[PDB]
Amino acid sequence: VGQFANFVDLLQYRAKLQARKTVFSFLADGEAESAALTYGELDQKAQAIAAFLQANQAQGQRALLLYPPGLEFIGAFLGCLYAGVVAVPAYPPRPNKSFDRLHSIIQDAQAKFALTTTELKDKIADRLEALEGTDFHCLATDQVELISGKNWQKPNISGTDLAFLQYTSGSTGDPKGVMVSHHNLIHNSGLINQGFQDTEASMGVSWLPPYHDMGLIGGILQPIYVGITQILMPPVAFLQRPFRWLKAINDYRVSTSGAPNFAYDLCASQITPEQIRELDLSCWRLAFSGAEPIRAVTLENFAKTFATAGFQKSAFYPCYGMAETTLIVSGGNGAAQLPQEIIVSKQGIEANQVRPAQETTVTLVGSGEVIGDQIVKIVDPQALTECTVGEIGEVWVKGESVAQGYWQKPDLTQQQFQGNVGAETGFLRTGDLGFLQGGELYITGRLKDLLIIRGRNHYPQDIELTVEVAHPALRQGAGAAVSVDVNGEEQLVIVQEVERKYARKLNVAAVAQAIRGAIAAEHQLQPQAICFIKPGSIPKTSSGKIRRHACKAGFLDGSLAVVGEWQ
Ligand SMILES: CCCCCCCCCCCCCCCC(=O)OP(=O)(O)OC[C@H]1O[C@@H](n2cnc3c(N)ncnc32)[C@H](O)[C@@H]1O
Ligand SMILES: [Mg+2]
């Protein structure tokens, strides 16, 4: 299984050894099973979608995948890998909504094809002719006869061949196209396994969106790499009823499931004690947390709320990675059983220094140990010099899981993927600030979002966290801290969402004073402005990640749903 150069060779091996073993079982409601596929059935569907793609002239071309969460997406993705089509996964179009995001990906990828369901094709095909022209082909893959796979021409695949374009969320700018090779998929899959240590006997459940990151290389490809059964449900099922995630873990004895930090909080806040009494989570040995700052308070609250249900905090597996690194770089608590946490000086962090406080203290959770034969270095963003111990700098990654570059973006590719430091070359600039401590990599935040006000460095998420809890009328997770230029000097602007219940009876001055008071105590900062926005109006990615730069653009252009303003 570890001699496989690509996932096409690998699934074909699994379709022989475990043909009748169930690979994916989809619960459309997060409760009852709706559909399933065996390794043999997944292989056959893949050869058939492949043959449909090759006859449709898609080989060597880029194809958008537009599918609802389900097994059709999975089959279309593996069909593209079998066919030699560069797949471009994306969130599907939704009703009463624009296709701007989708057209922008089509223009960037120079895609000639959209792969979708019969239902969506009948609703979007003419809109795609309007936007992309007649030479663009919206194809449906859900009604391909399985006998078509007899006409599949196996491409001569090498690991250096490009498999798919993984587009970034667009939190810091425009989505960029990550060129993920076949070797990138195989190398990182092994890296996830050197850390997760899963076996053919491991069970998995995943509500994560299948389009990108943890949902695709981990929720779809890792089950196939390890030869295990994965239970899958739509993210909306978990979001509406978080108990469905933990009930599935209990029901199928799931060993390995995980999600971003916010999901652990929602499970803790929205699961009743009667529901906790229906749970047995002793089966959960790896509970991963990635794609978002891991907060120490969230780890403790989950461990405390669910210890009666058998959850152990030793199961928490902190992990870090990005699309430019395929998926994972660091993970695990090392020789420790519990996620390593350091208590350091707040003002020190604002000064790129990690030191004890002698000064308010901050608690930082490690994002894991560098997994495998990859090399992580902490470098100064401007001087391109390697930071010493206790210094905070840009995380730099050199390894075989580093993507080939950004699609049709040559200048940015040389800048971010040709990182030179001292006598070293070939490093990827992650754009993430952090530091090395205890063999563990800690992450402080994103460079492009870092706020520099009054000669001090301020992390936007640290300020957003203070504002959300300042008044009950503020919606948590729906706020942005941005720097605007006032007379040549940088100042702080807060764009925060008000709660739907508090929108009509909102005391702008009272809540603004609660906000100014909290930011001054914790950050010694005075907001130039506080813009209160309507519930659900914050510029967000398709994932839900806040676009802070677009909040500053909208404040400066007046495009926000303003229900209140302070200046
Ligand atoms: C059968 C068993 C199943 C197997 C499952 C395996 C799956 C587990 C591996 C997930 C490893 C995590 C990667 C996430 C990718 C992504 O997140 O994709 P991407 O959209 O490119 O965002 C990138 C930016 O997210 C921010 N970020 C990511 N990790 C952060 C952190 N630990 N702490 C703070 N910030 C963080 C950061 O800023 C980063 O650069
Ligand atoms: Mg990024």
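Residues numbered from 1 in each chain as written, not as in the entry; some residues may be left out. Chains lettered and ligands numbered in written order. Heavy atoms only, no water. Residues with missing side-chain atoms left out of burial classes, pairs and counts.

If you look the chain up in the PDB entry, it shows as Polyketide synthase from Synechococcus sp. PCC 7002.

(A) Molecular detail of the environment of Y82. Assignment of secondary structure puts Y82 in helix α3 (residues 71-83). Here the alpha-carbon distance between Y82 and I157, two residues 75 residues apart in the chain, equals 9.2 Å. Apart from the residues lying within four places of it in its own chain, the contact partners of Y82 are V8, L11, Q12, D43, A46, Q47, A50, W152 and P155. At 2.6 Å, the side chain of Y82 forms a polar contact with the side chain of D43. (Helix = DSSP H or I, 4+ residues; strand = E, 2+ residues; numbered from the N terminus. Contact = heavy atoms within 4.5 Å. Polar contact = N/O pair within 3.5 Å; in protein donor to acceptor, adjacent residues only side chain to side chain.)

(B) Quick peek at helix α6 (residues 182-196). Across its 15 residues, α6 extends 21 Å between first and last C-alpha, which sits within 8% of the 21 Å expected from 1.5 Å per residue. Summarising burial for α6: 12 of the 15 residues are buried, a large majority. Capping the start of α6 is the job of one residue whose side-chain oxygen sits 3.3 Å from the backbone nitrogen of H183: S181. Looking one or two places after α6, you find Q197, whose phi comes out positive at around 60°. (Expected span 1.5 Å × (residues − 1). Buried < 20%, exposed > 50% of the residue type's maximum accessible area, 1.4 Å probe, protein only.)

(C) Broad picture of empty space enclosed by the protein. Here the largest cavity defines a volume of roughly 80 Å³. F26, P69, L208, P210 and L232 are the residues nearest the centre of the largest cavity, which is lined by 13 residues in total. Counted by class, the lining of the largest cavity contains 11 nonpolar, 2 polar and no charged residues. (1 Å grid on protein atoms, 1.4 Å probe; cavity = no way out; pocket = protein on both sides within 12 Å on 5 of 7 lines; lining within 4 Å. Points joined across faces, edges and corners; volume = space filled by probe spheres on them. Nonpolar A, V, L, I, M, F, W, Y, C, P; charged D, E, K, R; others polar.)

(D) Examining the site of ligand 1 more closely. Taken together, the neighbourhood of ligand 1 is formed by 26 residues, with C319, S367, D432, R446 and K545 sitting nearest. Note that an oxygen atom of ligand 1 is positioned 3.3 Å from one of the backbone N or O atoms of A323. Between ligand 1 and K545 there is a distance of 3.2 Å, counted from an oxygen atom to a side-chain nitrogen or oxygen. Against a free-state accessible area of 880 Å², the protein chains account for coverage of 95% of ligand 1. Among the secondary structure elements, those contributing two or more residues to the shell around ligand 1 are α6, α7 (213-226), β13 (316-320) and β22 (440-446). In terms of residue count, α7 provides more of the shell around ligand 1 than any other element does, 4 residues in total. (Near = heavy atom within 4 Å. Areas by Shrake-Rupley, 256 points an atom, 1.4 Å probe, with all protein chains shown as cover.)

(E) Geometry of the sheet that holds strand β28 (residues 562-566). With mixed pairing, 4 strands are arranged side by side in an open sheet as β25-β26-β27-β28. The open sheet has two free edges, formed respectively by β25 (474-486) and β28, since each of these has just one partner strand. Within the sheet, the average angular offset between the axes of one strand and its neighbour, ignoring direction, is 20°. Relative to β25, helix α15 (residues 460-468) is tilted by about 125°, and along the sheet it contacts β25 and β26 (489-498). Most of the contacts of helix α18 (residues 548-557) go to β25, to which it runs at about 65°, and overall it touches β25, β26 and β27 (527-533). (Pairing = 2+ DSSP bridges. Axes fitted to C-alpha atoms, helices over the stretch in contact; angles between N-to-C directions.)

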